[PDB]
């Protein structure tokens, strides 16, 4: 009848498309709440009745499992992402090789580097890890526009107020007004990974069928459309 999914908000467009298709094919209504992974996990801990949880990171899945709210043996890393350097779509920058030698100052030409605040925004935390490993953090620190969330960071680039920004690959696909000009080296930061799991008490055939659908080729097509890497 109805499946309730708690999903990281970045998954909205992909999961909405998947839910429409699943209702059409299987006559099951999938309804999703979209929010930060931490809030979804705490709400499950506090008794909210979700059937499935898709986190945008492994740490909040660890939290939900350690609270004994999850069928831990269903944990499945569903998607990956890349950490990317974006520019406004019509920027004269098109390709940046990102390594220890990158001339960040020449690229910015005095403009700001838009990031999520590295004190707390996921994309900012990954950006800081990568830039520290690349030896570029200290020289860029006063050049960053430290936004309160990744949407706000990307908006600076969409409006061409910041000539570069750092977001996830799927963020750059969502926003038609920015382009990926470089991919941060995968060796330089923790993987961006989205685990899913069934919530304890919701391990029934209906929920399992949708869980299986999420990791099937039909859903993979839709995740790829929105810039995620199906695993």
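Positions refer to the first chain, counted from 1.
- Query: Is the mean CA B factor in the deposited entry higher across 124-132 or across 94-102?
  - Reply: Mean B over CA atoms: larger for 94-102.
- Could you check the entry and say whether 79-87 or 136-144 has the higher mean CA B-factor? Higher of the two, by average CA B-factor, is 136-144.
- Highest Cα B-factor in the deposition, which of 173, 52, 167, 56? Comparing C-alpha B-factors across 173, 52, 167, 56, the top value belongs to 173.
- Item | Residue, from 70, 196, 178, 48, that the PDB entry assigns the highest Cα B-factor | Answer, based on the entry's C-alpha B-factors: 48.
- Query: With respect to C-alpha B-factor, does residue 150 fall in the lowest, middle or highest third of the chain as deposited?
  - Reply: Ranked within chain, residue 150 CA B lands in the middle tercile.
- Task: Give the position of residue 22 by CA B-factor within its chain, expressed as the lowest, middle or highest third.
- Result: Residue 22: CA B-factor falls in the highest third of its chain.
- residue 185's Cα B-factor: lowest, middle or highest third of the chain? Within its chain, residue 185 is a middle-third residue by C-alpha B-factor, going by the deposited values.
- Message: Using the temperature factors of the C-alpha atoms in this entry, rank residue 116 within its chain: lowest, middle or highest third.
- Response: It belongs to the lowest third of the chain when residues are ordered by C-alpha B-factor.
- Query: Taking the C-alpha B-factors as the PDB entry records them, is residue 15 in the lowest, middle or highest third of its chain?
  - Reply: Middle third of the chain for residue 15's C-alpha B-factor.
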